[PDB]
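**Q** If you scroll down you'll find the structure; I have some questions about it.
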Amino acid sequence: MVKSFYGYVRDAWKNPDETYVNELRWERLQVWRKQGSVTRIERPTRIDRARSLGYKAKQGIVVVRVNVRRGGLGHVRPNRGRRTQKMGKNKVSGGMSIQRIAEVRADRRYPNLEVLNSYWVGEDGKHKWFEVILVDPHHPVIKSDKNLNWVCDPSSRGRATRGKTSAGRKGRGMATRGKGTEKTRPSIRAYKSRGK
Amino acid sequence: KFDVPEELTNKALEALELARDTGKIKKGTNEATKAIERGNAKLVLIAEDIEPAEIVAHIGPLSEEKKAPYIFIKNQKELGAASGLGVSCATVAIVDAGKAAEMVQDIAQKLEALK
RNA sequence: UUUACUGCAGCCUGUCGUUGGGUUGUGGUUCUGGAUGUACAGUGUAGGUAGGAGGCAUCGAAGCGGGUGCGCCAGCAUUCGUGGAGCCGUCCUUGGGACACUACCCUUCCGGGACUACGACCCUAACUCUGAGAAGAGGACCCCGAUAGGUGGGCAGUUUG
RNA sequence: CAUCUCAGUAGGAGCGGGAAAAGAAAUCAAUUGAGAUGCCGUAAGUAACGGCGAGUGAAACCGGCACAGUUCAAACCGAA
C-alpha cells in the first residue's frame, strides 16, 4: 500500500480513545478547559479532517475551536397555564444540535467571515469541542481561489445562521432523498415546520 | 530510547545537506510517508516540535514497520533549512544519499545501537 | 383548598458518561505436572467411548521411606536410591464400566498465570474550593448531562352529573 | 375534558436578497423501468395517524412551467 499521512491521521482518530489521542486528549482538555468560548488556532487539530471538509493552507482561512455545554435545551418551566403535554420541559431537548450551536457561536464571534464546516475535536462530561473553518470573502486570496470564490456571493453570507452548512442540512433533514424527506426539502419553513 | 547524541544529530543534518547537494530528499510529511511506505527512504528525519502531534505521530511506527532508519530533530525550522526550504518541515526522507551514503549508513548503525 | 383526577417543577435514590493509577477480597476467564477412575479384588488402575485385540524392556520392568501424580501405608510411571521379569487375554478376576506404551477436548489440578462485574482501602494526575501567586484543602468523590423509580397542591390543567 | 385539535398557528430570537431556500440520488420504482432541484395540476380527503372519537393527513406514478451541469478531499507529481 501507498497511503497518505492523512490516512494515518484518519486511522488515529477513528477510535481515538484506543489510540494515543486518548492520552493527548487527557493533557489537551486541561488546556482547553482554561480557554474561553471561541479560540483561534494556527493549525487544525485533525489536518486530514480539515482538508476533506475544505480547509486549505492559505490567506483568509481561519480555524477556531468552540466550546459548547452538554445536554439538551436548558429550558424554563412555564409559569402560566399550559396543557399537561406542554408543561413538562426537562426531557425536552432542542432541535438545534450542539455542532450547529458551536458553528453559530463562532459566526457571532467572527462577523466578517462565513462558516464553511466544522468537526468534532473533543468532549468531556460537561463540554464538547468543535473546530469551525471560516472564510474571508473579502480577502484577495479567497477572491482568486476558484474553489472558494463562491463564498463572495451575496447568498453565501449568513450560512451558519440560515442553516446552509452540512450540519445545518443534517439538522434540517436534507441529508437524504426519497422517503422521509417529504416535509423537509426544500425547507423546514416551506411545510410549516412539520418535518423535524 | 536514550537521547540521541548532539553530534549524531548534527551528522544527520550534514547528511541532509549533502543529500540536497547530490541525492534525493522528500521534504514534507506526506512525501516522507509515501517514501517510507514505498521503501525508498534511506533516512528519515522527524521534527520534535510538531503541533498537533498527530502530524508525525505515525512516522516512527511506520519506519519501524518498514525497517527505515529514523532520527528526531530538535525542532522543524533547522530541519526545513537542512531540507533547503523557506518554511518549516515536520519530516524529511533522504531517499538518494548521493555521496552521503556512507554517513547515512553510519547514522543508521548508530541509531540501531542506541535503540 | 385537599388523603378528587391527571400531570409538571424541586428534592431523594440506582445506572451510564464525566473517570484515572495501585492494593487485596470475591466468578471464571484460560491451561500447564497427572487422565488422577477403585461395588465385587485385581496376574493389572475401564491407560476415557476405542481397528473386541495385540507394543515396549538391564541401551529399563516391581513388591520400600512422609509412598513427588493418586489411593484402602495395595500398585501402576523407574525418578533420590536399592531390590534382580510389568506381557496383551481366544483360562477376559461367569462384564453398572472388562482393560494393547497408540495426537488425554471431558467431574480433577490450587502457577491459576492473564482481561473481567461487585465490594473495601490507598495514590494524584484529572476534576473541585481558597488565594494575585508559591501553595493549602478535598479528590476520581462531589457537581454536571442522560436515563430509572420514588416523594411531591410548591405549581399547571381540569372535573366535581 | 386530559391524548388529540386549535397548531408548529399567534408571538419571540438570529440571518438575509431582489428574490431566498433546494438542487445534480448511498433516489424513486418493481418483476425488465426512470434519471438534478423547485413550482403548479392530479393522485386525494386516498394510504397513514387518532379516547380508531372529533379530527389530522401525505408521497410516488403521471400531465405541465422551466431546464444544466459541476467543483473539491485522496490516489500520481512536489512549489512546478
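**Q** Please determine, by comparing only the residues of region A:40-59 that are surrounded by fewer than 17 Cβ atoms within 10 Å (Cβ to Cβ) and more than 15 Å from RNA strand D (Cβ to nearest atom), which one is farthest from the chain's Cα centre (by Cα).
**A** This residue is A:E42.
**Q** Moving on. Tally time: how many residues in region A:7-18 are more than 7 Å from chain B (Cβ to nearest Cβ) and assigned to a helix (DSSP H, G or I)?
**A** 8
**Q** Being within 22 Å of the chain's Cα centre (by Cα), among the polar types (S, T, N, Q) and either assigned to a loop (DSSP other than H, G, I, E, B) or within 14 Å of chain B (Cβ to nearest Cβ) (or both), is that true of even one residue in region A:77-91?
**A** No.
**Q** Being in contact with a helix residue (DSSP H, G or I) (Cβ under 7 Å, 6 or more places away or on another chain), within 24 Å of A:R157 (Cβ to Cβ) and either within 14 Å of chain B (Cβ to nearest Cβ) or away from RNA strand D (no atom under 11 Å from the Cβ) (or both) narrows it down to one of A:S4, A:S37, so name that one.
**A** A:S37
**Q** Being surrounded by 12 or more Cβ atoms within 10 Å (Cβ to Cβ) and assigned to a loop (DSSP other than H, G, I, E, B) is the filter; apply it to region A:96-111 and report the residue that is farthest from RNA strand C (Cβ to nearest atom).
**A** A:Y110
**Q** Which one of these is touching a residue at least 60 places away in the same chain (Cβ under 8 Å), of a type in the set (G, A, S) and closer than 11 Å to B:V44 by Cα: B:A97, B:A93, B:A68?
**A** B:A93
**Q** Kindly indicate which of A:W120, A:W129 is within 16 Å of RNA strand C (Cβ to nearest atom), in contact with an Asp or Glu (Cβ under 7 Å, 6 or more places away or on another chain) and not aliphatic (A, V, I, L, M).
**A** On inspection, the qualifying residue turns out to be A:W129.
**Q** Do any residues in region A:178-195 that are over 14 Å from A:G168 (Cα atoms) have Cβ atoms under 8 Å from those of residues that are exposed (fewer than 11 other Cβ atoms within 10 Å of the Cβ) and not polar (S, T, N, Q), where the two are at least six apart or on different chains, and which pairs are they?
**A** A:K183/A:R194
**Q** Just give me the residues in region A:19-38 being outside any helix (DSSP H, G or I) and crowded, with 16+ Cβ neighbours inside 10 Å, in sequence order.
**A** Within region A:19-38, A:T19, A:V38 qualify.
**Q** Right, here's the next one. Condition first: under 18 Å from A:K3 (Cβ atoms) and touching a helix residue (DSSP H, G or I) at 6+ places or on another chain (Cβ under 8 Å). Can you find one or more residues in region B:94-114 that meet it?
**A** So far as region B:94-114 goes, yes, one or more of its residues are under 18 Å from A:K3 (Cβ atoms) and touching a helix residue (DSSP H, G or I) at 6+ places or on another chain (Cβ under 8 Å).
**Q** May I pose another question? A:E27 - would you say it is within 11 Å of another protein chain (Cβ to nearest Cβ), within 21 Å of A:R109 (Cβ to Cβ) and without any contact (Cβ under 8 Å) to a residue 60 or more places away in the chain?
**A** When the stated conditions are applied, A:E27 does not pass them.
Taken together, the values in this text are just the output of simple stated rules run on the coordinates, not laboratory data. When we count neighbours, we look across all protein chains shown, and the Cβ atoms used for this are built from the backbone with ideal geometry, even at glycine.
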